């Protein structure tokens, strides 16, 4: 069937220009300097991808000898719902298990090789949807972000539509402001962390 040039397995990237604002959701948070947003307008386009991925992976007779290289994109079956997602191979955890990052969501896990499928270039036409972000204007007031600061950040953005504003482009991410416009005096995630002690200015 499909003979794939791995040169043709280039994932696409959302163009986020400085000054772009979009309505999105904070999908996954490591710290205020390491988190992921998705564009709210992605819900349908992504449910569509997921349907295509499910259809495609079901036609693969999932028998063995698939060993992706570090950095390949492939399909990974998420442990919590058993659905198929796009995933970057980050590292092998053993001979038979791999650390993978879900490139449309921002989370990660270690999976059996039995839960990975190769991908084809048709399924890379959607740009990767998890936008890697660093929160503008703040540094951790101890030099390390404490799980309490992170908790608070999670609380400010959970189940909420957030305005993400691109302040700058970094090498592998976007520097952003996060602004909840659902409170009539608008609230910056940066400002609340500064006001609460956890952050200091830069």
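Positions refer to the first chain, counted from 1.
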Mean C-alpha B-factor higher for 102 to 110, or for 123 to 131? 123 to 131
Decide which of the stretches 59 to 67 and 35 to 43 has the higher mean C-alpha B-factor, going by the entry. 59 to 67
Residue with highest C-alpha B-factor in the PDB entry, from 30, 174, 163, 159: 159
Just grab whichever of 23, 194, 18, 179 has the top CA B-factor as deposited. 194
